[PDB]
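Numbering (my numbering), first residue to last: 944 to 1070. Everything on this sheet refers to the single structure shown next.
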Amino acid sequence: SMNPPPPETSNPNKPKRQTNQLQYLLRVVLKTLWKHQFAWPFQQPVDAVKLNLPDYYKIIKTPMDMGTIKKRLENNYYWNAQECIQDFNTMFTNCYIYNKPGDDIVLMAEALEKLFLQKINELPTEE
Ligand SMILES: COc1ccc(-c2cn(C)c(=O)c3cc(C(=O)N4CCN(S(C)(=O)=O)CC4)sc23)cc1OC
């Protein structure tokens, strides 16, 4: 069995910014979700080998996880907040697309997503 290469977290020729909205996405959004009791399935790329999900990457073609997002934020990979927000939304959507409706992992994603939406609702104005 095999996993794909993980998503990109470093690219020296991608232009980058450090901004107050991106700072909020690390300090408030990522940190809030990371510490949650249901974060663990989402803290690293899905390991389809260890988890015995041989069809995962047959179904999910845009993988994303909070480990990747954390690295992107810490290594200032993004230009804007919308790129990062999109990564969170991709992660949640993948979970809902792959899993059977009602499963434990879906409930976990929903709990994280509720907090995500609450924090993004108060994304600060650009300075
Ligand atoms: C380090 O531990 C974990 C990491 C990731 C997941 C995990 C993450 N995400 C995002 C998922 O979508 C996901 C689905 C999983 C799973 O075990 N499933 C759903 C798919 N089926 S199946 C039969 O359709 O392949 C098996 C059960 S584990 C997991 C679960 C872990 O341990 C419980």
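All residues carry an ideal CB built from backbone N, CA and C; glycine is no exception.
request  = Give a yes or no on contact between the region 1005-1015 and the region 963-983, applying the rule of three or more CB pairs nearer than 8 Å.
outcome  = yes
key: Nearest candidate by alpha-carbon position, reference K1001, set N946, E1053, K1043   = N946
task = Please name the residue, chosen from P984, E951, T1068, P1067, that lies closest to residue 1078 on a Cα-to-Cα basis.
result = Limits of the chain in this structure are 944 at one end and 1070 at the other, which puts residue 1078 out of reach.
query = At what residue ranges does the region 1001-1032 contain a whole run of the alpha helix (DSSP H), taking only runs of 4 or more?
reply = 1009-1017
message = Give me the residue from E951, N1064, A1054 with the minimum Cα distance to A982.
response = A1054
query = Which same chain residues, not among the five before or five after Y999, have their C-beta less than 7 Å away from its C-beta?
reply = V989, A991, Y1041
Contacts around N1037, its chain only, beta-carbon distance under 6 Å, and the 5 residues preceding and following it disregarded = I1003
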